[PDB]
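Participant: Sharing a structure with you now.
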Amino acid sequence: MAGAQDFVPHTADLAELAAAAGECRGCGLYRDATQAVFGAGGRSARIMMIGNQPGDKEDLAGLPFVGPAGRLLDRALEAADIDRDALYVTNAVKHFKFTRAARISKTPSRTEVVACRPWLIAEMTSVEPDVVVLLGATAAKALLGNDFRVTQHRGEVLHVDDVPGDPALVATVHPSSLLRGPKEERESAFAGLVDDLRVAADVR
Ligand code: SF4
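As structure tokens, this is what we get:
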């Protein structure tokens, strides 16, 4: 009776989960958004990556990480030599939350994050990843609690006992943060993202 939970079907099939998410009304965000954006990859993936929400391009492409942030992330994954076939990539909330200016993303509230978390739990349960990479604060707090700071713990192998399957957890920055800033800072941050991805990839 809470959030998206009744919209989630009793199957681990990612195709069926994604179809069902197309119908979710688990919070208000389905109203203005074009469609739900489910994650992508297969259930044998070892590494799950969780961003914050679909962006402008993702909302219309119907897949996660197709915009500039995805291209930067792809460059980081390549530099970490993580095979893109080992990846299931998704977001903490599945409907683009936005405003327009004369589309701009707006932060999902904790309520929206918790409302949508059943989809994320269904994905984690379906994929059974060895490691979950949390890309930025919103994703991290979904799983690690609303007080958690990515800045104080990024690149640490974490395990919290209330997360299904007890996967290793590695929090890092969201790739969108590495698009706007000074070059030396963007280059320094890029190297830290590669580092955090390598930590996650070396689990097991
Ligand atoms: S953001 Fe998540 S909970 Fe809210 S309507 Fe979309 S799929 Fe359902």
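According to the entry's author numbering, the residues represented by the sequence shown are 1 to 102, 107 to 208, in order. The beta carbon of each residue, even a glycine, is placed where N, CA and C say it ideally should be.
(1) Drop a sphere of 10 angstroms on the beta-carbon of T111, count the other beta-carbons inside from all chains shown, and report buried for 16 or more, exposed for fewer.
(2) With distance defined between alpha-carbon atoms, name the residue in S180, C27 and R153 nearest to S109.
(3) Just checking my contact of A172 with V207 at CB under 8 Å: how many whole Å lie between their CB atoms?
(4) Let's see if you can read the secondary structure: which residues bound the beta strand (DSSP E) around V137?
(5) What first and last residue would you give for the alpha helix (DSSP H) that runs through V203?
(6) Which whole runs of the beta strand (DSSP E) in the region 37-90 are 3 residues long or more, in chain order?
(7) Buried or exposed: where does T11 fall if 16 or more other Cβ atoms within 10 Å of its Cβ makes it buried?
(8) Taking only three categories from DSSP, how would you classify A19?
(9) State yes or no: is the C-beta of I50 within less than 8 Å of the C-beta of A92?
(10) Is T34 helix, strand or coil when you go by DSSP?
(11) Would the beta-carbon of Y88 be found less than 7 Å away from any heavy atom of ligand 1?
(12) Please identify the residue among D165, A101, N150 and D81 whose C-alpha is closest to the C-alpha of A204.
Facilitator: By the coordinates alone:
(1) exposed
(2) Proximity to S109 across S180, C27 and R153 peaks at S180, based on C-alpha coordinates.
(3) 4 Å
(4) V135 to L139
(5) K187 to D206
(6) 47-51
(7) Counting Cβ neighbours within 10 Å, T11 comes out exposed, since fewer than 16 surround it.
(8) Annotated three-state conformation of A19 is helix, per DSSP.
(9) yes
(10) Coil.
(11) no
(12) Comparing Cα-Cα distances from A204 to each of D165, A101, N150 and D81, the minimum goes to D81.
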